[PDB]
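Observations on the model geometry
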Amino acid sequence: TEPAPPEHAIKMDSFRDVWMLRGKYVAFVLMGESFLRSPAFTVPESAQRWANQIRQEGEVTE
């Protein structure tokens, strides 16, 4: 049990890196008017930032 780095990938909506030296990240957010769709990127950080950016704007309240 070596010091496992808790910082690397962020699998929230649909983000997951690859075991080797890569990783795809694509988020999907649909609202009651508009929706954004970003293609699979190569960074898990920007991934959560993208989905969150749109989500924060879409105040879901029925």
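Residues numbered from 1 in each chain as written, not as in the entry; some residues may be left out. Heavy atoms only, no water.

Re the overall build of the protein chain
- Helix and strand counts for the protein chain stand at one helix and four strands.
- Of the regular secondary structure in the protein chain, the N- to C-terminal order runs β-β-β-β-α.
- Seen through its C-alpha atoms, the protein chain measures out along the principal axes to roughly 45 × 20 × 15 Å.
- Here the protein chain holds 62 residues, and 19% of them are scored as buried.
- Contacts spanning at least 24 positions in sequence make up 28% of the contacts within the protein chain whose residues lie at least 6 apart. (Helix = DSSP H or I, 4+ residues; strand = E, 2+ residues; numbered from the N terminus. Buried < 20%, exposed > 50% of the residue type's maximum accessible area, 1.4 Å probe, protein only. Contact = heavy atoms within 4.5 Å.)

Let's talk about the environment of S46
- With respect to the secondary-structure elements, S46 resides in helix α1 (residues 44-57).
- Residue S46 is classed as partly exposed on the basis of its relative accessible area of 32%.
- Sequence spacing of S46 and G23 is 23 residues, and the spatial spacing of their C-alpha atoms is 12 Å.

As for α1
- In this model α1 runs 21 Å from its N-terminal to its C-terminal C-alpha over 14 residues, within 8% of the 20 Å that 1.5 Å per residue would give.
- On its buried side, α1 packs onto β1 (15-18), β2 (22-25), β3 (28-30) and β4 (35-37). (Expected span 1.5 Å × (residues − 1).)

Considerations on a nonpolar patch on the surface
- On the surface, a nonpolar cluster with roughly 350 Å² of combined accessible area is contributed by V18, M20 and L21.
- Within the element layout of this structure, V18 appears in strand β1.
- Assessed through its relative accessible area of 40%, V18 is described here as partly exposed. (Patch = residues over 30% accessible without salt bridge, like charges linked within 9 Å, V, L, I, M, F, W, Y side chains within 5 Å. Areas by Shrake-Rupley, 256 points an atom, 1.4 Å probe, with all protein chains shown as cover. Salt bridge = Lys/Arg side-chain N within 4 Å of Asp/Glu carboxyl O.)

Geometric descriptors of this kind do not, in isolation, establish any biological role.
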